[PDB]
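Each remark here refers to the structure printed beneath this line.
For ligands, and for the atoms within them, numbers begin at 1 and follow the listed sequence. Along the sequence shown, the residues carry numbers beginning at 1.
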Amino acid sequence: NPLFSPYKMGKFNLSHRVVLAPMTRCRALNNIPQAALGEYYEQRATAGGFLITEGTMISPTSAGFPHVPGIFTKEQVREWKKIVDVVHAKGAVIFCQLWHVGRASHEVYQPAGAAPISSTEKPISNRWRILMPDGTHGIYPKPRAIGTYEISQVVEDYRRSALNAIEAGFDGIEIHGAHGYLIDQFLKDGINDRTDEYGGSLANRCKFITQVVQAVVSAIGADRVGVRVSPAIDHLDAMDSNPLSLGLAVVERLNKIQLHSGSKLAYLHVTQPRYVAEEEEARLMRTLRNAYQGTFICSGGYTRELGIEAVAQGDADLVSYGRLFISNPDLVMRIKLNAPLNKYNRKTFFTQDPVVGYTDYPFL
Ligand SMILES: Cc1cc2nc3c(=O)[nH]c(=O)nc-3n(C[C@H](O)[C@H](O)[C@H](O)COP(=O)(O)O)c2cc1C
Ligand SMILES: CCOC(=O)/C(=N\O)C(=O)CC
């Protein structure tokens, strides 16, 4: 089974290639990591296995879901440290995903009820609705388009959050540059209508992600930084006229950052365009993998068979699993044994209970 051959992800010696994909679960009450998160990640940790956390706030304006953790305060750092310690005791490697939602937010999630921030004034359309803290669904508002001073402040928020992640004991961080969130709102020409140095051309649209990645690489080292993108995705009105060219432009910049830094990033993590909340889709994935000088993690709709094939055929080095990892704490072992998998319950993906639908899915 190729999923159980070891893999050197830079300095990290992994014993298998099954990765816990980053998943927002909304148990981090008041944006503080809770003991429940420790039990959840401990359940899923394996010796030499790689885990990526739920998206984690970099600042008070970065959230668009209820009860998602932050890593911008010392209180949050202190509580993450307990979670990281229990995962490390199982021998796992764990990265914290740094997440800013940009315009995918609501007044209820913003300090003082202010407008969310974005590259543009364009709102997500009413085809999409935002989950509210009471379980109803609301309307995405018009965001505020930020200037270059505020852009530099957001870059600094990523940099400080990366340092805070290292202080908490994380092995590294992942930049959430995917899925129509803040970074993708700069990348995608269906969103970014700017006329300054951050829009107007593909090169300008890539400026923001480039600066974010350079800042975190400078702070913690390239080998502790992963980057997630999704150039082709049906999520929150985040479309590009040329997804493959957009992806390749991002890859070129990551390759150049590595050459400048003298070290490779931890990895590039790419969402299969099939995933929502063909050979054109497989065309895109393999084209980006072949273009990138480093470790490639694929995600989105993978199964045991599809993950085996991806690694066997050279399409990916690591395979991240989301939904099946929700309901199978021992997913790694089940994949190794080809054991039957448990169903997952969408109704408890984003509820707040520390146990129900979170840590009470059974082991084999
Ligand atoms: C409930 C849920 C929460 C998710 N949260 C995040 C997130 O916070 N950050 C992110 O990059 N992807 C997130 N994803 C996407 C997953 O990381 C992953 O790519 C996807 O679940 C893989 O497809 P699969 O569920 O078929 O394995 C989430 C997915 C689900 C189902
Ligand atoms: C569909 C692609 O977008 C995602 O997977 C995602 N976050 O990145 C969420 O669903 C947040 C809960």
Side-chain angles (χ1 to χ4, degrees), residues 3 18-28 31 37 40-41 44 50-58 62-71 95-102 104-105 109 124 127-132 137 140 173-185 188 226-239 267-277 281 285 297-307 310 316 318-328 331-332 334-335 341-352 357-358 361:
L3 291 173
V18 177
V19 179
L20 171 66
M23 288 182 288
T24 293
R25 305 299 310 284
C26 308
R27 270 67 173 189
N31 314 129
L37 277 61
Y40 171 81
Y41 289 112
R44 288 154 181 76
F50 181 36
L51 307 180
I52 308 163
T53 70
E54 62 213 88
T56 298
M57 298 170 67
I58 65 170
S62 61
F65 272 77
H67 304 299
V68 297
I71 200 159
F95 275 29
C96 178
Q97 184 188 68
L98 303 184
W99 185 28
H100 194 307
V101 299
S105 190
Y109 294 121
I124 294 162
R127 175 189 175 199
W128 308 87
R129 300 299 163 86
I130 188 174
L131 175 70
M132 302 293 285
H137 290 270
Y140 289 105
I173 65 86
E174 176 175 284
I175 295 297
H176 193 337
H179 305 160
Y181 298 114
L182 181 65
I183 290 168
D184 214 29
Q185 292 154 35
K188 295 284 171 68
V227 181
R228 189 179 186 163
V229 292
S230 64
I233 202 75
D234 183 16
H235 194 59
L236 307 179
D237 293 334
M239 294 301 319
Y267 58 84
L268 174 64
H269 194 179
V270 179
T271 314
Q272 279 275 0
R274 69 192 165 206
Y275 181 75
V276 295
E281 291 166 351
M285 294 294 282
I297 310 187
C298 57
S299 196
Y302 284 85
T303 60
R304 178 178 187 272
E305 285 302 325
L306 290 176
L318 303 170
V319 180
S320 70
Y321 292 84
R323 286 167 297 170
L324 291 165
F325 235 140
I326 290 178
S327 56
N328 296 275
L331 183 63
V332 180
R334 294 186 195 228
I335 288 176
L341 306 184
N342 297 332
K343 59 172 176 178
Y344 44 82
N345 178 13
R346 183 165 286 277
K347 295 185 184 306
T348 50
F349 281 4
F350 307 119
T351 47
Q352 280 56 74
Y358 195 51
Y361 285 102

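Of the protein's non-hydrogen atoms, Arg323 NH2, 2.8 Å is the one closest to atom 26 (O) of ligand 1. The closest protein non-hydrogen atom to atom 5 (N) of ligand 1 is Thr24 N, 2.8 Å. Scanning all protein heavy atoms for the shortest distance to atom 17 (O) of ligand 1 gives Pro22 O, 2.7 Å. At the shortest separation from atom 23 (O) of ligand 1 among protein heavy atoms lies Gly301 N, 3.3 Å. When only non-hydrogen protein atoms are considered, atom 30 (C) of ligand 1 lies nearest to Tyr275 OH, 3.7 Å. Scanning all protein heavy atoms for the shortest distance to atom 10 (O) of ligand 2 gives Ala277 CB, 4.2 Å. Residue, atom and distance of the protein heavy atom nearest to atom 9 (C) of ligand 2 are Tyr181 OH, 3.7 Å. The protein atom (non-hydrogen) at minimum distance from atom 9 (N) of ligand 1 is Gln97 OE1, 2.8 Å. Scanning the protein for heavy atoms near atom 27 (O) of ligand 1, the closest one is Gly322 N, 2.8 Å. The nearest protein atom to atom 4 (C) of ligand 2, hydrogens excluded, is given as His179 ND1, 3.2 Å; this is a heavy-atom distance.
Each of the following atoms of ligand 2 lies closer than 4.0 Å to a heavy atom of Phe65: 11 (C), 12 (C). Within ligand 2, counting atoms from 1 as listed, the ones closer than 4.0 Å to a heavy atom of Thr24 are 12 (C). Within ligand 2, counting atoms from 1 as listed, the ones closer than 4.0 Å to a heavy atom of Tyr275 are 1 (C), 5 (O). Applying the 4.0 Å criterion to heavy atoms of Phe350 picks out, from ligand 2, the atoms 12 (C).
An N or O contact shorter than 3.5 Å is missing between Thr271 and ligand 1 by distance. Polar contact check, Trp99 against ligand 1: no nitrogen or oxygen pair lies under 3.5 Å apart. The shortest N/O to N/O separation between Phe349 and ligand 1 does not fall below 3.5 Å. The N/O atoms of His176, backbone and side chain alike, include one that comes under 3.5 Å of an N/O atom in ligand 2.
For the pairing with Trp99, the side-chain contact (heavy atoms from CB on, under 4.5 Å) check across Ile183, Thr56, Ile58, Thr24 returns one residue only, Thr24.
No hydrogens or angles considered: nothing links the side chains of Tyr275 and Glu281 as a donor-acceptor pair under 3.5 Å.
Residue contacts with ligand 1: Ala178 is excluded, as none of its non-hydrogen atoms falls under 4.0 Å.
Contact annotation: for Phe325 versus ligand 1, there are no heavy atoms closer than 4.0 Å.
Remark: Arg274 qualifies as a cation-pi partner of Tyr302 under the 6.0 Å distance and 45° angle criteria applied to the six-membered ring.
Annotation for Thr303 and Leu306: closest pair OG1-N, 3.1 Å, computed over non-hydrogen atoms.
Partners of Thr271 under the side chain to side chain donor-acceptor pair (under 3.5 Å) rule, at least two apart in sequence or in another chain, are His179, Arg228.
Closest heavy-atom approach to atom 19 (O) of ligand 1 among the candidates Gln272, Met23, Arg228: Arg228.
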